[PDB]
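Working notes for the structure below.
Atoms considered below: every heavy atom in the structure, side chains included; atoms not considered: hydrogens, waters and symmetry mates. Each chain gets a letter, A, B and so on, in the order its sequence line appears, and its residues count up from 1.
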Amino acid sequence: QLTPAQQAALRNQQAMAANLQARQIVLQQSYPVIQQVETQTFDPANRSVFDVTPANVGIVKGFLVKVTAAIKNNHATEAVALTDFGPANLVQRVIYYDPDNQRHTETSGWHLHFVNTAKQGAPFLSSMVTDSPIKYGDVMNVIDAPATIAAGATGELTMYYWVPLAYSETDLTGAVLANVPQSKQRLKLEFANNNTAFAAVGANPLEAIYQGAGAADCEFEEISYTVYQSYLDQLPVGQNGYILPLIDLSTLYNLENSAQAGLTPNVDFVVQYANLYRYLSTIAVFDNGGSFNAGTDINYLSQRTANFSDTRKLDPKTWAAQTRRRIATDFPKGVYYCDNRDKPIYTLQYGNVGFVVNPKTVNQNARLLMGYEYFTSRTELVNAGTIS
Amino acid sequence: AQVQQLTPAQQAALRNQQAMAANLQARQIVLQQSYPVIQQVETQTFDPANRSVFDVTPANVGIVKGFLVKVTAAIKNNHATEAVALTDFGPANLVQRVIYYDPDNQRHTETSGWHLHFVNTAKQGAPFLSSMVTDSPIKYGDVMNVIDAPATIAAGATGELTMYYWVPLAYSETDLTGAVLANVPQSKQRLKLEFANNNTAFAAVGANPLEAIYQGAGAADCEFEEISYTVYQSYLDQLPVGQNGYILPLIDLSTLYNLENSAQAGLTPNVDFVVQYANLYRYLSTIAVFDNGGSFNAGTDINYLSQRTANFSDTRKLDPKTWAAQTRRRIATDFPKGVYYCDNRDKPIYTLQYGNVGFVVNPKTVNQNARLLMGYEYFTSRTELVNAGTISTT
Amino acid sequence: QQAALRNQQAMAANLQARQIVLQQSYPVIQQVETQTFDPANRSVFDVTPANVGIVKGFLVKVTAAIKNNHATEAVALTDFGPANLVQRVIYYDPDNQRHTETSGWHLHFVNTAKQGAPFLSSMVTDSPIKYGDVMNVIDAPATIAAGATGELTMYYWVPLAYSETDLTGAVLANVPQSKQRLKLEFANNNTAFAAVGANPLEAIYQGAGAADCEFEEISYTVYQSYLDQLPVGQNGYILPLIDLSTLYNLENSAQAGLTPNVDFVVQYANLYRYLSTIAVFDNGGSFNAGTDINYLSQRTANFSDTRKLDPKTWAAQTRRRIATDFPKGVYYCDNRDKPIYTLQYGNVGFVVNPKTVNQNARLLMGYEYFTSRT
Amino acid sequence: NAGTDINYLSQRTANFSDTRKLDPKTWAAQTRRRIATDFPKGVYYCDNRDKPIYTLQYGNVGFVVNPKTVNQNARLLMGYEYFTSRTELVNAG
Amino acid sequence: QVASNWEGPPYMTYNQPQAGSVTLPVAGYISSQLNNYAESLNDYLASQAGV
Amino acid sequence: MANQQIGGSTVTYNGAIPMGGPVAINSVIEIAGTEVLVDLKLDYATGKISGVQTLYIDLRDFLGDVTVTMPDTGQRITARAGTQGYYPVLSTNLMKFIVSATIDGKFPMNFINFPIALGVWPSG
C-alpha cells in the first residue's frame with residue numbers, strides 16, 4: 001500500500017477486471033443490428049470527396065462500404081489492364097472521426113483492404129475454388145473487376161471495405177458509445193477520380209486501378225457507394241444505469257498509414273515506431289520507383305529494439321512464409337505484412353522499437369509506404385518516490 | 001427488450017436454473033468417459049424402377065450423435081444424339097427426403113437432400129467434403145473423389161455419382177443437444193430414406209431443375225442403373241454408469257435439433273413478402289431458395305433481403321450483394337444460384353408469439369409459379385426425461 | 001480416489017503459469033545457421049541452436065538447383081515432390097534426450113494436418129486483387145527437360161511446443177551444459193532421382209532421364225522460434241512445469257508382411273498418448289487411390305473396431321480436417337479430441353486390410369504423440 | 001511553407017486528449033489576436049501566458065504536429081519560454 | 001437407505017473402472033497383503049449383493 | 001599440415017546392462033533382390049528390446065562380404081567372406097539397419113543388445 005505507483009497498479013487491476021466482466025455482459029445481452037445510412041451515385045468529373053453522417057445509436061462497431069463503378073475505355077485501338085492493387089484503389093482515403101473529435105482511421109484504399117484480409121485469414125470476401133460438383137463458387141460477384149477493358153468496352157467494378165471501430169466481434173475495443181447525447185460522428189470518404197485511377201505505361205501504378213496504352217482516354221461513368229452501419233442495440237441496464245465496458249470504449253483502435261524515403265542500397269533503413277501506441281500489425285510496401293518486385297530487391301526485413309537487437313530478421317521469402325501461415329496466401333507483389341497481435345509492440349516495455357528494411361536494389365524516387373494498426377489509450381504516468 | 005422479444009437474460013428466467021446446472025455437469029461426465037465410435041449399420045444396392053423408399057434400422061448402441069449416408073449412383077443416357085448436363089444442386093438431389101424417428105417415436109429431422117447438404121456446408125465453414133485448389137507442388141487435391149459427379153453425360157455414356165450426407169442428431173461434437181440414448185434392448189427408432197427416381201432426377205429443357213440431378217435435351221431417355229447406399233452410425237460408447245443407471249444429460253437428450261423445410265407462395269413484385277418464423281422454436285439458421293418459376297438468378301431479381309421484428313422493425317436489410325457478403329465470411333464462398341442463407345447462431349430466434357420475427361424477400365420481377373423454399377434449423381423441446389429403470393435378475 | 005485431486009490441482013497451477021509466460025514474454029525468431037554445400041561430398045549436417053529462453057520450434061528453409069544432364073529425355077516431379085529434400089530430421093534436448101525422429105515427407109504432412117490446409121500454400125481464389133503465388137514459398141518445377149536446371153525451395157516446421165497457445169512439448173534451453181542439437185540429412189544424388197519402374201517414395205524427380213540428373217547445390221537455413229524475457233519471481237523463474245516435462249514427438253517406421261484379404265495390425269505403444277496416425281501403403285513402388293485396400297480401422301484389444309471404414313469414407317473424415325486429400329496412398333487418422341493412450345483403455349491397434357499386395361510391399365507408419373513420466 | 005504541409009497542431013495531456021487541436025489557419029488565427037500579424041513561413045506560436053503549462057510528471061503534456069508532406073532532413077525546432085523556481089532564496093545580505 | 005459398498009446396479013458396474021483410473025491395481029498385490037486381500041473380496045461381494 | 005575441421009556429429013548410444021534381460025533377435029536376411037532394411041523401432045516402443053549393442057553375423061557358406069549400416073551414426077561394419085563374428089555396434093534408440101551384401105545369400109543375424117567383445121573365427 002501507500003505508494004502511488006502500486007496504489008495505481010491495484011486500481012488498474014480492479015478496473016480491468018470490471019471491464020472484462022462488463023464486456024461479456026454486453027456481448028451476451030445486446031443484439032447486432034446492421035442498417036444502411038447513406039447511398040449516393042455521382043460523377044468523379046464533378047466531385048469525388050464525400051462525407052457521411054452515421055447514426056448515433058447504440059455501440060457502433062464499424063462500417064461496411066460497398067463501392068460500385070463503371071469505366072469506359074474511349075481509346076481507338078488500345079486496351080488497359082488491372083494493376084496489382086486493382087479495385088482496392090476505388091477508394092483513395094477513409095477518415096473517421098469520433099463525436100469528441102478523435103481521429104480513428106486514416107487508411108488509404110489499399111491499406112484498409114489488407115487489414116481486412118489479415119483479420120480474416122483469407123483474401124477479404126473472396127470465394128475459394130473447390131472441386132465440388134455442386135455449383136458453389138463465384139455466383140454473386142461480391143468483389144469483382146474485369147482484368148482487361150478493351151478499346152470501346154465498359155467494365156463494372158465492385159468493392160467492399162470494412163471500416164473497423166471495434167477490434168473484433170468478441171473484443172469491443174475501439175468501439176464508439178453513441179446512445180448518449182453528443183456531437184455527430186464523421187466518416188469522410190475520398191474516391192478515385194479520372195486523374196488517379198488510370199496510369200500510362202511507365203507511370204507508378206500504386207494508387208491506380210487500370211494501366212495500359214489506352215489509359216489517357218479511359219474515364220469513369222458512375223461511382224455509387226452504399227454505407228452500412230454495424231452497431232449493438234438493447235444494451236443491458238443494471239442498478240446504476242447502463243452496464244458498459246468503460247476502458248474498452250475509451251480506447252481507440254486505429255489504422256494510420258504513412259511513408260518514408262531516403263533508401264540506400266545495402267544500408268539498413270529504419271522506420272521508428274514513434275508514439276506510445278500498442279502496435280498490432282505493420283504493412284510495408286516497397287515502392288521501388290514505380291517498380292514492384294517479389295522480394296528480389298530486399299536483402300532482409302527486420303524489427304529492432306532499443307539495444308539494436310533484431311527480434312526477427314528474415315529473408316524476404318521467409319518473411320512471406322510467416323505471412324502464408326496466417327492468411328493462407330501471399331500479399332500482392334511488393335507488400336510485406338508483420339503480425340504482432342500476440343505480443344503488441346509497445347515502446348515502454350523494452351525500449352524503442354524500429355522497423356528495418358535493408359534494400360538490395362534502389363531505383364530513383366524510391367520510398368517505403370507504411371501502414372500501422374494499433375491501440376491508443378489514456379497513458380497514466382504516476383510519480384515514483386523522488387521528484388528530483 | 002428493445003430488439004428481441006425475449007432478451008437472453010429474461011429468456012433464461014423461463015428455464016429451470018437448478019436443472020441446467022445438473023445438465024452441464026452430466027454432459028461433461030459423458031464426454032470425459034466415453035469413446036467416439038463410427039460403425040457401418042446398413043448397406044443395400046437397388047434399382048429405383050422397383051423400389052425407392054427405404055427404412056433403415058440403426059443399431060441400438062450408446063448415445064447416438066448422427067448418421068453418415070454415402071450414396072453411389074450410376075446413370076445411363078440412352079439417347080441417340082443428345083447429351084445432358086448437371087444442374088446446380090446436382091448430386092445433392094440423390095436423396096429426396098430423410099426422416100429420423102428416435103427411440104421415443106419422436107420425429108427429429110425431415111427435409112430434402114439439397115437442404116441437408118447446405119446445412120452440412122454452413123456448419124463446416126466450407127463446401128461439404130470438398131478439396132480446395134492450391135499452388136502446392138505436392139500432389140494434394142482431388143485424389144479420392146469423396147463427392148463427385150460428371151458434368152456432362154454424352155449420348156450413350158455412363159456417369160458415376162458419389163454423395164455424402166451427414167444427418168445430424170447432436171448439434172456438435174461438444175454440445176450434445178439433440179442426441180438420443182439408444183442403449184436399449186429394443187426401440188421404435190428408424191431412418192426413412194427416399195431416393196431419386198427416373199422421374200424426378202432428369203428434367204427436360206424448360207422444366208424446373210430443383211429436385212433434378214441432370215438436365216438437358218436427352219433427359220427423356222436417361223436411366224438409373226444402381227443406387228447403392230451405405231449408412232454409418234456415429235455414437236459414443238461406454239457410458240459412465242454411476243448410481244441408478246446411466247449418468248445422462250437430461251435436458252440435452254430431451255431437446256430436439258430439427259431440420260424442417262417448407263415452401264411458401266404468393267409473391268408479387270416490389271412489395272415485401274414476409275415468412276413468419278414459428279412460435280416456441282429456437283431458430284439457428286434460415287435458408288431461402290428463390291424458385292422463380294423454374295429459373296434461378298444470381299440476385300438480380302431481388303430488391304433486398306431482410307429479417308424483420310414486430311417492434312424494432314428491420315434488424316438487417318441488405319442488397320443481394322451485401323447479403324452474399326455476409327455469407328462469404330461464414331462459408332468462404334457463396335451458395336448456388338438462387339440460394340440465400342441467414343445465420344442466427346449467436347442470437348437464436350426464440351420469440352414466444354407467432355409472427356413476431358419474420359424473414360423478408362422484396363422481389364423485383366416475379367414469374368408465374370414463383371415460390372420461396374424455406375429450410376429451417378432449430379432447437380425445440382416438448383418432453384421431460386425422468387430417470388429410468390434397471391433389471392435386478394432373480 | 002484422493003490422488004486425482006492433487007494431479008488436477010497441479011494442472012491448475014500449471015495452466016496458471018502457462019498464461020503468465022505466454023502473456024508476459026517476447027516471441028523471438030532468429031537465424032541460427034545457414035550453409036550451402038554440394039551433396040556429392042556430404043549430405044548430413046548438424047545444427048547447433050541457441051540456448052536461450054523457451055524454444056518452441058524450428059523453421060527450416062531448403063533450396064536446391066537440380067540439373068538434368070541427359071541427352072534427350074526429361075524427368076517429372078513425383079507425388080511427394082520437394083518434401084523429400086530433407087531425408088531425416090532428428091532433434092535432441094539440452095539433456096541429450098531425443099524428441100523428434102521423423103522423416104521429411106512425414107514432417108510435411110503433420111505440418112499440413114496441424115494447419116487445416118496444405119502447409120504454406122496459397123489457395124486459388126476468385127479475387128481480382130493479385131493475391132496468390134507471388135513469392136514462391138514452396139516451389140518446384142513440374143518437369144526438368146534435357147539440359148535444363150530447376151530451382152527448388154521447401155519449408156519445414158520442426159515443432160517442439162504443440163501450438164502457439166499451448167506450450168506442451170516446449171523446451172527450456174536456459175541450462176548450463178546444454179546438449180541441444182538438430183540433425184539434418186539431405187537428399188544426395190542416389191535417393192532423389194528414380195528411374196521409371198522404381199519406387200518414387202523418397203525421390204523428388206522420376207523419369208527416363210534420371211540416370212544423369214544431379215544436384216548443383218543444396219542450401220539450408222534454420223530459424224529458431226523461442227520465447228525471451230521470461231518472468232522472474234522471488235523464488236526464480238515462473239514456468240509451466242509439467243508442460244516442459246512433457247515431450248511432443250514425431251516418429252516414423254516401416255512395417256512389412258502384408259497378405260491379401262488379411263488384417264494387418266500395427267500395435268500402439270503403451271507409454272505414449274497418440275495424437276495422429278499417418279499410414280502410407282507403398283504397394284511395391286506403386287501408389288493407388290484406395291483401389292487396393294478393403295478397409296482401414298482402429299481395433300481395440302478384444303476385437304472391437306472403432307472406425308472401420310471404406311477408403312473413400314476414410315478420406316471423407318480427413319476432408320473435414322485438412323480441407324483436401326493427401327496424395328494417393330497416404331491415409332490420415334486424427335485423434336486430437338481423444339488421444340489414443342492405450343494404457344487406460346486396453347491395447348489399441350491400427351488395421352489395414354489390403355486387397356492387392358505386390359512383392360516388396362511395405363506400410364510406412366508415421367506417429368505423433370505426447371510423452372511424460374506421470 | 002505557409003501551413004500547406006501540416007494537418008493540425010495540438011496540445012494533448014496524457015498522450016490522448018487534445019486541448020487545442022486546430023488546423024494551421026485557425027492556429028494562425030489565435031496568434032493574430034496576440035501579435036496582430038502572422039509569424040513567417042513555418043513559424044507557429046502557442047501562447048500559454050494566462051495559465052502556464054505545469055505538470056508534475058514528465059511528458060504529461062505534449063506538443064503535437066501532424067504533418068502532411070515531409071521531405072528528407074525534416075526537423076522541428078522548438079523554442080521554449082518558461083519559469084523555474086530555485087531550491088532556496090537568493091541570499092540578499 | 002444408503003450402503004457403504006453400493007456402486008450402482010451390479011450388472012452395469014461390475015466391469016466398469018473408476019473415475020480417475022489411469023491404470024488399475026489388483027485387489028491383493030504371504031508374498032503380499034493377506035487380510036487386505038480377504039477384505040477386498042468381502043467388499044466386492046457386498047457390492048454385488050447390496051448389504 | 002594443421003587443417004582444422006568444420007562439422008562433427010554428436011550422438012548418444014546404448015552401452016549399459018538392460019533392466020529387462022539379455023535379449024537377442026534372430027532376423028535372417030534374404031538378399032539377391034535389393035538392399036535389406038531392418039527396423040526394430042516397433043520392438044523398442046512396444047516393451048521389447050531396449051537397444052542393439054552387438055551384432056552376431058554368420059557368414060560361413062557365403063562367398064562375398066556383408067555390410068550392415070546404422071543411419072543415425074553412419075557406421076559401416078563389414079563382415080568378411082567365410083567368417084563368423086561378434087561385432088559391437090554404435091546404435092541409437094532408433095534401431096534401423098541397412099543390410100547389404102555383394103550378390104546373394106541367406107545370413108543368420110542376431111541383434112544382441114548386451115556387450116560381447118569382438119572376435120572373428122578365421123583370421124586371414
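Partners of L385(B) under the side-chain contact (heavy atoms from CB on, under 4.5 Å) rule, at least two apart in sequence or in another chain, are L250(B), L253(B), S254(B). For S52(B), the side-chain contact (heavy atoms from CB on, under 4.5 Å) partners are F195(B), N197(B), not counting sequence neighbours. Taking the side-chain hydrogen bond (donor to acceptor under 3.5 Å, both in side chains) definition, one finds that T286(B) meets it with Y277(B), sequence neighbours left out. Under the rule for a side-chain hydrogen bond (donor to acceptor under 3.5 Å, both in side chains), the partners of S131(B) that lie at least two apart in sequence or sit in another chain are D131(A). For the ring pair (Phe, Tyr, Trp, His ring centres under 6.0 Å) test, no residue two or more places apart in sequence or in another chain qualifies with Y11(E). Residues passing the side-chain contact (heavy atoms from CB on, under 4.5 Å) test with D237(B), sequence neighbours excluded: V37(B), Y235(B). With sequence neighbours excluded, no residue forms a side-chain hydrogen bond (donor to acceptor under 3.5 Å, both in side chains) with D337(C).
The heavy-atom pair separating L259(B) from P168(B) by the smallest distance is CD1-CG, 3.9 Å. Closest approach of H115(B) to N261(B), counting heavy atoms only: ND1-CB, 4.0 Å. The two residues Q33(B) and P240(B) have their closest heavy-atom pair at OE1-CB, 3.8 Å.
Using a cutoff of 4.0 Å between basic side-chain nitrogens and carboxylate oxygens, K312(C) and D325(C) are not scored as salt-bridged. Looking at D305(C) and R299(C), a side-chain N of the basic residue comes within less than 4.0 Å of a carboxylate O on the acidic one, giving a salt bridge.
Applying side chain to side chain contact (heavy atoms under 4.5 Å, CB included) to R362(C) and the options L258(C), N283(C), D282(C) leaves one that passes, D282(C). Exactly one residue among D292(C), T291(C), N294(C) makes a side chain to side chain donor-acceptor pair (under 3.5 Å) with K355(C). That residue is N294(C).
For residues 294-322 of chain C, no residue pair satisfies the ring-ring contact (aromatic ring centres under 6.0 Å, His included) rule, not counting sequence neighbours. Screening residues 152-170 of chain B for side chain to side chain donor-acceptor pair (under 3.5 Å), with sequence neighbours left out, gives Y164(B)-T313(C). The salt bridge (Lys or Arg N to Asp or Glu O under 4.0 Å) pairs that include a residue from residues 178-199 of chain B are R97(B)-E194(B), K192(B)-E194(B), where partners are two or more places apart or lie in different chains. Every pair passing side chain to side chain donor-acceptor pair (under 3.5 Å) that includes a residue from residues 168-185 of chain B is listed here, sequence neighbours excluded: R27(B)-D175(B), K65(B)-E173(B), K123(B)-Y171(B), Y171(B)-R345(B), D175(B)-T177(B), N183(B)-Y246(B). Screening residues 69-81 of chain B for salt bridge (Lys or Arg N to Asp or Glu O under 4.0 Å), with sequence neighbours left out, gives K70(B)-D310(C).
Under 3.5 Å, the side chains of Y136(A) and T121(B) contain a donor-acceptor pair of N or O atoms. Using a 3.5 Å distance cut-off with no hydrogens or angles, the side chains of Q264(B) and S262(B) do pair a donor with an acceptor. Under the 3.5 Å distance criterion, with hydrogens and angles disregarded, a donor-acceptor pair is assigned to the side chains of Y341(B) and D343(B).
Panel note: side chain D102(B), backbone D104(B); a donor-acceptor pair is recorded below 3.5 Å. With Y283(B) contributing its side chain and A278(B) its backbone, the two residues share a donor-acceptor pair below 3.5 Å. Under a 3.5 Å cut-off, the side chain of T200(B) and the backbone N or O of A196(B) do not form any donor-acceptor pair.
Here the straight-line distance linking atom CD1 of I147(B) with atom CG of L94(B) works out to 10.5 Å at 0.5 Å rounding.
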